[PDB]
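The structure appears right after this line, and notes come after that.
Cβ placement follows ideal geometry from the backbone for every residue including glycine, while neighbour counts extend to all protein chains displayed. Coordinate-derived values only; no laboratory data.
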Amino acid sequence: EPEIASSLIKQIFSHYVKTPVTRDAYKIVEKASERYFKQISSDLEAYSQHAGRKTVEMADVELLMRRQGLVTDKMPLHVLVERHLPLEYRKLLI
Amino acid sequence: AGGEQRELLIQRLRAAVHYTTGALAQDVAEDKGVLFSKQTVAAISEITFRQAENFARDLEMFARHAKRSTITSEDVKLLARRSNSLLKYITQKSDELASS
Amino acid sequence: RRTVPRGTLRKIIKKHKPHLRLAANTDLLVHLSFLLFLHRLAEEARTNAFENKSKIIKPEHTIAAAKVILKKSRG
Amino acid sequence: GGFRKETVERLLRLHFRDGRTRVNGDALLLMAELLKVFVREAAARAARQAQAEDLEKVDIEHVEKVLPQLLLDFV
């Protein structure tokens, strides 16, 4: 039942791609997004249980983005935050 | 400082990994009825050497995440999660260790 | 538009892992990972469509891209 | 045969970014298995690629052809 709104997925995807995308293609993006969340739920669980915690902390998510190869020595998490999160939300993280 | 010795260590490890790659490749050649060129074997050896770097850095990250400076079977299990086949295989292996 | 579906993110993870509690602003980091996933996905599908000599991104390009990127996204 | 403990240990210590980082014996054996699988997989995939082209001989081209998928499919 719960999922990211279609419109928002479309906004982000298209904002980035700068190329025409069919309707049905978007349906594919939506299903991919569902799967994305299933997987990271699994992952964050494994990460937190690994550290002996029942709760998901920040360190777990940063670890995830490291394993995803988004956060690297040359691209720190705080840089990604500053770049991709609207002004208001980034203040919460810094 | 220790740089020359480190270069010797690197050549030692490259050559060791290359030998083992040759032996394993030979088993595969036998299974499949193929011949691997020297260059192919060397290529797989270098690829394997390189991948070791990411394995090591990820293992170390995984141990640190546990407030732990020594790497264990739990970190290797985590390292293998992204491939379900691999995870099943390595988890089997690990249990086998557990029994002693 | 600029808004983050904080509650939605929490609810999605809760449907996958009920007894799994999040913390703090961790939903915002999750959201970040998701944005970036979408970005990689878009780049890959577009590359596919171009390699396919297509001016447009279609389900097939997106399906192949999803397989690749969901793989790169595993922890 | 397989990768030796000593080789795997030195190989791993070489890349650690923290001087105090160590690997216990079980992990070393496990990693030896993991590396062996990696190699056998690279060889088997390149072999398959050469066979689909009706060749007995595996050449660096076959390895290069199969590598990206291998790295993607692997960990």
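Values as computed for the structure displayed
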| item | result |
| --- | --- |
| Sole residue being assigned to a helix (DSSP H, G or I), at the interface with chain D (Cβ under 8 Å from one of its Cβ atoms) and out of contact with any strand residue (DSSP E or B) (no Cβ under 8 Å at 6 or more places or on another chain), chosen from B:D27, B:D58 | B:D27 |
| Selection count, the stretch C:50-69, where residues are surrounded by fewer than 18 Cβ atoms within 10 Å (Cβ to Cβ) and under 17 Å from A:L70 (Cα atoms) | 0 |
| Qualifying positions in the stretch D:10-20 - more than 14 Å from B:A52 (Cβ to Cβ) and either in contact with a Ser or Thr (Cβ under 9 Å, 6 or more places away or on another chain) or part of a strand (DSSP E or B) (or both) | D:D18, D:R20 |
| Flag for C:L36 being assigned to a helix (DSSP H, G or I), under 17 Å from A:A5 (Cβ atoms) and out of contact with any strand residue (DSSP E or B) (no Cβ under 9 Å at 6 or more places or on another chain) | no |
| From the options A:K38, A:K10, A:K91, A:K74, residue that is more than 8 Å from every other protein chain (Cβ to nearest Cβ) and surrounded by 14 or more Cβ atoms within 10 Å (Cβ to Cβ) | A:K10 |
| Tally of residues being part of a loop (DSSP other than H, G, I, E, B) and polar (S, T, N, Q) across the stretch A:9-57 | 2 |
| Whichever residue in the stretch B:1-42 is within 15 Å of the chain's Cα centre (by Cα) and within 18 Å of D:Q49 (Cβ to Cβ) and, among such residues, is surrounded by the most Cβ atoms within 10 Å (Cβ to Cβ) | B:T21 |
| First in the stretch A:67-94 and at negative phi, second anywhere and acidic (D, E) and surrounded by 17 or more Cβ atoms within 10 Å (Cβ to Cβ), Cβ under 6 Å, 6 or more apart | A:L77/A:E62 |
| Qualifying residue in the stretch A:51-63 (condition: within 21 Å of C:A66 (Cβ to Cβ), of a type outside the set (D, E) and crowded, with 16+ Cβ neighbours inside 10 Å) | no |
| Residue within the stretch C:3-11 that is buried (at least 16 other Cβ atoms within 10 Å of the Cβ), out of contact with any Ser or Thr (no Cβ under 8 Å at 6 or more places or on another chain), within 7 Å of another protein chain (Cβ to nearest Cβ) and not in a helix (DSSP H, G or I) present | yes |
| Counted residues, the stretch D:3-27 - those being more than 27 Å from D:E64 (Cα to Cα), surrounded by fewer than 20 Cβ atoms within 10 Å (Cβ to Cβ) and among the hydrophobic types (A, V, I, L, M, F, W, C) | 1 |
| Filter result (more than 7 Å from chain A (Cβ to nearest Cβ), in contact (Cβ under 8 Å) with a residue 12 or more places away in the chain and aromatic (F, W, Y)) within the stretch C:17-75 | none |
| Unmet criterion (only one of (1) among the basic types (K, R); (2) part of a helix (DSSP H, G or I); (3) at the interface with chain D (Cβ under 7 Å from one of its Cβ atoms)) for B:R82 | (2) |
| Lone unmet requirement of (1) of a type in the set (D, E, K, R); (2) under 16 Å from the mean Cα position of the chain (by Cα); (3) more than 7 Å from every other protein chain (Cβ to nearest Cβ) for B:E53 | (3) |
